[PDB]
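**Student:**
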Amino acid sequence: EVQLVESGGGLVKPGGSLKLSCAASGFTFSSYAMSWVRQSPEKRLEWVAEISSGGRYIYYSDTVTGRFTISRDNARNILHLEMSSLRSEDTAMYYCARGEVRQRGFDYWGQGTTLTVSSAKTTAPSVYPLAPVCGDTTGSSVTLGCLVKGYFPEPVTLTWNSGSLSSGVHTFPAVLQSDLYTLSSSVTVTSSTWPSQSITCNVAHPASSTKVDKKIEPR
Amino acid sequence: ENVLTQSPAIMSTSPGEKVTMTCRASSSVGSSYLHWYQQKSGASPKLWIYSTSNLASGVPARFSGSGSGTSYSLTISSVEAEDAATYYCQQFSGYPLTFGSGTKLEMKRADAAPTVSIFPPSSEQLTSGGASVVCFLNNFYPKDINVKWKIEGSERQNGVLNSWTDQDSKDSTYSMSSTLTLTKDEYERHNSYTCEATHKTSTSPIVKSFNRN
Amino acid sequence: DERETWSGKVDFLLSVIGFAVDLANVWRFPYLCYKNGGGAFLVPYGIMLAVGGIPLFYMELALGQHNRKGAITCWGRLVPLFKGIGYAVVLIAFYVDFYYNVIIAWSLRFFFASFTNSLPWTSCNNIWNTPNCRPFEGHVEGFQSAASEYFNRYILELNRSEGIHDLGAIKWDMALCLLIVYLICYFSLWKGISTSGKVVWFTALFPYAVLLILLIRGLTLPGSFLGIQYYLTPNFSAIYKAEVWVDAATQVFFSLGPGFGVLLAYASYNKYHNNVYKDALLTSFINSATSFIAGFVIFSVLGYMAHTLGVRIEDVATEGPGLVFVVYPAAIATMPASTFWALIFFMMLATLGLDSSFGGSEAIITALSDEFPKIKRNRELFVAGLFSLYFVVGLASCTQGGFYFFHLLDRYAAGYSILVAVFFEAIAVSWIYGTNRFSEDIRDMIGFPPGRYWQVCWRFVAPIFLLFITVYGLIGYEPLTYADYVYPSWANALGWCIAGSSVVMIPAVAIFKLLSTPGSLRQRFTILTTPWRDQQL
Ligand SMILES: CC(C)CCC[C@@H](C)[C@H]1CC[C@H]2[C@@H]3CC=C4C[C@@H](OC(=O)CCC(=O)O)CC[C@]4(C)[C@H]3CC[C@]12C
Ligand SMILES: CC(C)CCC[C@@H](C)[C@H]1CC[C@H]2[C@@H]3CC=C4C[C@@H](O)CC[C@]4(C)[C@H]3CC[C@]12C
Ligand SMILES: OC[C@H]1O[C@H](O[C@H]2[C@H](O)[C@@H](O)[C@@H](O)O[C@@H]2CO)[C@H](O)[C@@H](O)[C@@H]1O
Ligand SMILES: *[C@@H]1O[C@H](CO)[C@@H](O)[C@H](O)[C@H]1NC(C)=O
Ligand SMILES: C[C@H](N)Cc1ccccc1
Ligand SMILES: [Cl-]
Ligand code: NA
Ligand code: NA
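This is the structure we're talking about:
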């Protein structure tokens, strides 16, 4: 039906600039005012800017005023946030949101696009298999693990056996430490299942062009 | 700027129980301008209640909203596990538009002990010059848990990373990962590695450990 | 900005309600109900109110609140090619002040006349009477009622004038009343809305006090239910005719004030995020509801005349000045405690007119105050000069032939002129400026866009609504006459001058603005159809 699609987010060095975009569809984009709303990694929602249906009334939060510029292409159905002299406080997921009636709120939201503002250089994860200790079966079941260490920026894609194996999986959110995320995943299958059948941890980190797979053997 | 403070900050509830949560503005807000959004973990916010009382499209009748001036509230008359999410209130009575600080709603359930597991560094990592022991602590409740590493019998406090999963939509339990990283030289200068989880379920810490064969 | 603002929202609402509710709420709406199928008339009336009147009424109010300037500046900032609309509207309001105040003065004149224990207009044996005088309304022209001869032969001395060419002696007792009116208007308007919006608490509220008192004395009279029957008894056969819808269209249009720049000026002192839409609806409703009520007030008494005083209902059921200055006072005089009913009736008549003259003048002052900082700095001076020009030219209507002068302006000053002005106002807003921009303006103010209903009405319904009125008002045209007198052809053409003198500003000023602008004519319609809001970013 109505659909909004933000795009353009990515890593940027401080003071740098970038242009987010939202592709409206499924409704008459000219008729509705739009807003950019961001969510910081600490999950706080913060409204950024609003533009009129006809683009003639623009409001900005004091946080971004004179740095951000909201824009509107009513012919091509595209909303725009033009950022500049970015700073790490601007790191967030940016949402594009419909909101023509104030008395009714932001009735539709995009899936969001992620801005990361850092001086950190992009670096590929090392992925390590986590095979269980010497001995000592068991154990109606066994737990296997995978260690995705030392990458930046977020996101990475972890799955098991290319997603065939979704039950029993716990994939922990990454945690930044001295400008490098570390991440891990645990998966548990019945003791019959392993090592009788291959269990591979497959990891993707597009920002660094990585695409590792790691079969787990009980060395 | 009209700050909106919400309490509680986090909230646990058994399915079927009533839940209330409040929104306090630092300035008066017209009731036709107060709204609420629910945001389930990993998803975008959804409009939920608009101008105080009005359920959004698709919002089940359990929900209701009330208030005026500087005080408003969301109420769920009988909670369901699908209702677990973070709720945000919002104003449009004035620019800058502002969102509330959130009430994260969570499912209460009967206590469950962690399934601790300890993993020695992989050979691929030791050859790198690194060494991180890992200790998964899976499927427990309530969320609070305390991991504690020991080389020999000595505890080590420095150099750790802890991750917590969001509450499971299925069994409503929590899980955690703790990673102790050392130089390979420090790892090989010593033999016994232990990781032990104090948790409410037991007075005795749950302990997993391994020597270097 | 900074721009002065209403001392409180009730002041604004009363200024608007006071402007819109005037004498025609009393002396035309009930007559139209009686003439057009009773309560059946409410159907065409309500539909015209909904698709024509209120939408135009809403529009000008929103537009004045958004652009925050008076009529000249506002239309110039909105569509410069049509800045003339502001000039047209301004001196239409200017002409209307030349005669409309005379009705108030007649009201004061009858008021000062009722300080007595036996009302003058009762009987046919006075020095001003005629052998042909009857105690009450008849249906033969040569035999007036005692109240008709009082008004005509004593108050007006209209019998002594042979026409508009023969204005006769100035009647200083009237000039005194005309002056008192202008004094009341001056000390109501010199200080601006800070006092004008406080004065209206009386002038806008007083009539309802009197409407209630008269409504009770009315409905307690013998024969009062018979009157209500003539007033409201349905007859949907009327709905079939075009003339009835035209009567509803025109009544709706002239009863609400839209396009006179009056609502524009009043809304221009609103806080920007005021809910002007809620104000336009509450306010429209009160205007019509007052007409509905007043109808009961009139026809209860009209019924009492037919039942008690022995007179055909069709002879007493009438519109315009004759109803309030002759027929109603006639009925009052037969009642016990008559002196009391007379004093509050004529007081109500005057306060009914005062709020309205206030708005007409304010449309002018505010328009000129915004075009010219010179006069804005000197307001207390400017109005004094304006009301002076009013009082002096107005002395013509205090002459013995003065009714003939009043009647001329009443026909030509604003009637045909304002309809074309408002027609361009609708066309300018919806089609040049765009409903798009306007809806967006309204949301920025009140937080939501106007519904597609209000949009369809402004874009399509309104212009052919105004068109519908203007065309039937042309096809029905006849040369001006009053009673047995027929106006001379030069008098007719002179009123056509007053009529077109304002309308002509629209194309005049458009022509003149084109010839100060540099570019090619594709290039020049655009520079003059780009809003001031957009040029400044
Ligand atoms: C006889 C006297 C005492 C009463 C006169 C009756 C009017 C006051 C009523 C009759 C017809 C009514 C209208 C019936 C239909 C509507 C549609 C309604 O549409 C909307 O809600 C617009 C969407 C938006 O809110 O933006 C707006 C009011 C309106 C024009 C009403 C305005 C008030 C009206 C004129
Ligand atoms: C004449 C009899 C039958 C009915 C009397 C109608 C009177 C009482 C009604 C008609 C219009 C009404 C007013 C319309 C305007 C407002 C604005 C609002 O913010 C305060 C109330 C106030 C001031 C209303 C008070 C009551 C009122 C004066
Ligand atoms: O209502 C009649 C009443 O007053 C009349 O006097 C006039 C007066 O002559 C005029 O100058 C005017 O301004 O005031 C009154 C208006 O009617 C009669 O002269 C008087 O006898 C009678 O009682
Ligand atoms: C009637 O009484 C009034 C006082 O209210 C007085 O002014 C007037 O002269 C009286 N009329 C006559 C004819 O005496
Ligand atoms: C709309 C008012 N009933 C008539 C009026 C009176 C004075 C000026 C303009 C209009
Ligand atoms: Cl009316
Ligand atoms: Na009216
Ligand atoms: Na009035």
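Residue numbers (the numbering used here), protein chains in the order written: chain S, 234 to 452; chain Z, 675 to 887; chain U, 0 to 536.
By construction, the Cβ of each residue, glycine as well, lies at the ideal position given by its N, Cα and C atoms.
#1: Would you report the Cα separation of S752 of chain Z and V693 of chain Z, rounded to the nearest angstrom?
#2: For a test of your reading of the model: does the CB of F28 of chain U fall under 7 Å from any non-hydrogen atom of ligand 6? Yes or no.
#3: Just curious, the alpha helix (DSSP H) that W200 of chain U is in, first and last residue?
#4: Going along chain Z, which residues have a C-beta under 7 Å from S294 of chain S?
#5: Any heavy atom of ligand 7 closer than 7 Å to the Cβ of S254 of chain U?
#6: Classify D10 of chain U: buried if its beta carbon has 16 or more other beta carbons within 10 angstroms, exposed otherwise.
#7: Residues in its own chain within less than 6 Å of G167 of chain U by CB, not counting five upstream and five downstream?
#8: Residue range of the beta strand (DSSP E) that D306 of chain S falls in?
#9: Which full runs of the alpha helix (DSSP H) of 4+ residues lie inside the region 46 to 119 of chain U, going along the chain?
#10: With the cut-off set at 8 Å, would you say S374 of chain S and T433 of chain S are in Cβ contact?
#11: So which residues of chain U does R300 of chain S contact, with C-beta pairs closer than 8 Å?
#12: Would the C-beta of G358 of chain U count as close to ligand 5, meaning under 7 Å from any of its heavy atoms?
#13: For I297 of chain U versus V20 of chain U, is the C-beta distance shorter than 8 Å?
#14: Which residues of chain U have a Cβ atom closer than 9 Å to the Cβ of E333 of chain S, listed in chain order?
#15: Nearest to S399 of chain S by CA position, among S:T421, S:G242, S:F405, S:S240, is which residue?
#16: I'd like the span of the alpha helix (DSSP H) that includes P206 of chain U, first residue to last.
#17: Give me the pocket residues for ligand 4, defined as CB within less than 5 Å of any heavy atom, sorted by chain position.
#18: Answer with buried or exposed for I292 of chain U, where buried requires no fewer than 16 other C-beta atoms within 10 angstroms of its C-beta.
#19: For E283 of chain S, name the three-state secondary structure that DSSP assigns.
#20: Please confirm if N435 of chain U has its CB atom under 8 Å from at least one CB of chain S.
#21: Apply the 10 Å Cβ neighbour rule to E424 of chain U and answer buried if 16 or more other Cβ atoms are within range, or exposed otherwise.
#22: Does DSSP put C132 of chain U in a helix, in a strand, or in coil?
#23: Closest to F56 of chain U by C-alpha separation, out of U:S6, U:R410, U:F253, would be which residue?
#24: I'd like the list of long-range same chain contacts for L342 of chain U, defined as Cβ closer than 6 Å, with 5 residues on each side in sequence excluded.
#25: Take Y414 of chain S as the anchor and find which of S:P388, S:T426, S:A437 has the nearest alpha-carbon.
#26: Take the Cβ of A330 of chain S as the centre, count every other Cβ of all protein chains shown within 10 Å, and call the residue buried at 16 or more, exposed below.
#27: Determine the extent of the beta strand (DSSP E) in which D446 of chain S is found, giving its start and end residues.
#28: Looking at chain Z, is there any beta carbon in it that lies within less than 8 Å of the beta carbon of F339 of chain S?
#29: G774 of chain Z to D340 of chain S, Cα distance in whole Å?
#30: For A362 of chain U versus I103 of chain U, is the C-beta distance shorter than 8 Å?
#31: Check whether the Cβ of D21 of chain U sits closer than 7 Å to any heavy atom of ligand 7, and report yes or no.
#32: Are the region 81 to 100 of chain U and the region 464 to 476 of chain U touching by the rule of at least three beta carbon pairs closer than 8 Å?
#33: When every heavy atom of ligand 3 is checked, does at least one fall within less than 7 Å of the C-beta of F111 of chain U?
#34: Suppose you measure from the CA of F224 of chain U to the CA of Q143 of chain U; what does that come to, to the nearest Å?
#35: Would you call the region 323 to 333 of chain U and the region 36 to 47 of chain U touching, i.e. three or more CB-CB distances under 8 Å?
#36: For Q272 of chain S, write down the residues that DSSP places opposite it in a beta bridge.
**Tutor:** Once the coordinates are examined:
#1: Reading the second sequence from its first residue, position 78 is the one you call residue 752 of chain Z. Reading the second sequence from its first residue, position 19 is the one you call residue 693 of chain Z. Distance between the alpha carbons of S752 of chain Z and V693 of chain Z is about 7 Å.
#2: In the third sequence, residue 28 of chain U corresponds to position 29, counting from 1. The answer is yes for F28 of chain U.
#3: Here the question's residue 200 of chain U lines up with position 201 in the third sequence. Segment 192 to 202, the alpha helix (DSSP H) holding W200 of chain U.
#4: Along the first sequence, read from residue 1 onward, the residue named residue 294 of chain S stands at position 61. Going along chain Z in sequence order, the residues near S294 of chain S (Cβ under 7 Å) are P770.
#5: Along the third sequence, one-based indexing puts residue 254 of chain U at 255. Using a cutoff of 7 Å, the CB of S254 of chain U counts as near ligand 7, since one of the ligand's heavy atoms is closer than that.
#6: By one-based count along the third sequence, residue 10 of chain U stands at place 11. Around the beta carbon of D10 of chain U, 16 or more other beta carbons lie within 10 angstroms, which makes this residue buried.
#7: Along the third sequence, read from residue 1 onward, the residue named residue 167 of chain U stands at position 168. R159, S160, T398, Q399, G400, listed in sequence order.
#8: On the first sequence, position 73 is the one that residue 306 of chain S refers to. In the DSSP annotation of this structure, the continuous segment of the beta strand (DSSP E) that includes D306 of chain S starts and ends at 302 to 306.
#9: Listed in chain order, they are 53 to 66, 70 to 77, 83 to 111.
#10: The residue labelled residue 374 of chain S in the question sits at position 141 within the first sequence. The residue labelled residue 433 of chain S in the question sits at position 200 within the first sequence. Contact: no.
#11: Here residue 300 of chain S is taken as the residue at index 67 of the first sequence, counted from 1. Using a Cβ-Cβ cut-off of 8 Å, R300 of chain S is close to nothing in chain U; its nearest Cβ partner there is about 18 Å away.
#12: To locate residue 358 of chain U, count along the third sequence from 1; it is residue 359. Yes, ligand 5 has a heavy atom inside 7 Å of this Cβ.
#13: Translated into positions along the third sequence, residue 297 of chain U becomes position 298. Translated into positions along the third sequence, residue 20 of chain U becomes position 21. With respect to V20 of chain U, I297 of chain U sits apart: the two C-beta atoms are not nearer than 8 Å.
#14: As a working mapping, residue 333 of chain S is identified with position 100 in the first sequence. Against chain U, the beta carbon of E333 of chain S has neighbours under 9 Å at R442, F447, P448, listed in chain order.
#15: Position 166 of the first sequence holds residue 399 of chain S. Nearest in C-alpha terms to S399 of chain S, of all of S:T421, S:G242, S:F405, S:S240, is S:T421.
#16: One-based indexing of the third sequence puts residue 206 of chain U at position 207. In the DSSP assignment, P206 of chain U falls within the unbroken alpha helix (DSSP H) covering 205 to 218.
#17: Near ligand 4, residues with a Cβ at less than 5 Å from any of the ligand's heavy atoms are U:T115, U:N116; the list follows chain order.
#18: Counted from its first residue, the third sequence places residue 292 of chain U at position 293. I292 of chain U should be labelled buried.
#19: By 1-based counting over the first sequence, the position of residue 283 of chain S is 50. In the three-state reduction of the DSSP assignment, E283 of chain S falls in the strand class.
#20: To locate residue 435 of chain U, count along the third sequence from 1; it is residue 436. Under the Cβ distance rule, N435 of chain U counts among the residues neighbouring chain S, one pair being separated by less than 8 Å.
#21: Counting from one through the third sequence, the residue named residue 424 of chain U turns up at place 425. Burial of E424 of chain U is indicated by the presence of at least 16 other C-beta atoms within 10 angstroms of its C-beta.
#22: One-based indexing of the third sequence puts residue 132 of chain U at position 133. Coil at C132 of chain U, not helix or strand.
#23: Walking along the third sequence from the start, residue 56 of chain U turns up at place 57. The shortest Cα separation from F56 of chain U among U:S6, U:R410, U:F253 belongs to U:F253.
#24: Within the third sequence, residue 342 of chain U is the residue found at index 343, counting from 1. By the criterion of a C-beta distance shorter than 6 Å, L342 of chain U is surrounded in its chain by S113, once the five residues flanking it on both sides are discounted.
#25: Indexing the first sequence from 1 puts residue 414 of chain S at position 181. Cα-wise, what sits closest to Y414 of chain S is S:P388.
#26: To locate residue 330 of chain S, count along the first sequence from 1; it is residue 97. The residue is buried, with at least 16 neighbouring Cβ atoms inside 10 Å.
#27: Here residue 446 of chain S corresponds to residue number 213 of the first sequence, with the count starting at 1. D446 of chain S -> beta strand (DSSP E) spans 443 to 448.
#28: Sequence index remark: in the first sequence, residue 339 of chain S carries index 106 (1-based). Residue contact with chain Z for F339 of chain S: present (Cβ-Cβ distance below 8 Å to some residue of chain Z).
#29: As a position in the second sequence, residue 774 of chain Z is number 100, starting the count at 1. As a position in the first sequence, residue 340 of chain S is number 107, starting the count at 1. Taking the straight line joining both Cα atoms gives about 17 Å.
#30: Residue mapping note: residue 362 of chain U aligns to position 363 of the third sequence, counting from 1. Residue mapping note: residue 103 of chain U aligns to position 104 of the third sequence, counting from 1. With contacts defined as CB atoms closer than 8 Å, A362 of chain U and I103 of chain U fail to qualify as a contacting pair.
#31: Translated into positions along the third sequence, residue 21 of chain U becomes position 22. At a threshold of 7 Å, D21 of chain U counts as near ligand 7, since its beta carbon sits closer than that to one of the ligand's heavy atoms.
#32: No, the region 81 to 100 of chain U does not touch the region 464 to 476 of chain U.
#33: For this step, residue 111 of chain U is matched to residue 112 along the third sequence. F111 of chain U: yes, Cβ under 7 Å from ligand 3.
#34: The sequence position of residue 224 of chain U within the third sequence is 225, counting from 1. The sequence position of residue 143 of chain U within the third sequence is 144, counting from 1. Linking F224 of chain U to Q143 of chain U through their CA atoms gives a straight-line distance of about 27 Å.
#35: Judged by Cβ distances under 8 Å, the region 323 to 333 of chain U makes no contact with the region 36 to 47 of chain U, as fewer than three pairs qualify.
#36: The residue given as residue 272 of chain S occupies position 39 in the first sequence. Checking the DSSP bridge columns, you'll see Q272 of chain S partnered with S:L278, S:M326.
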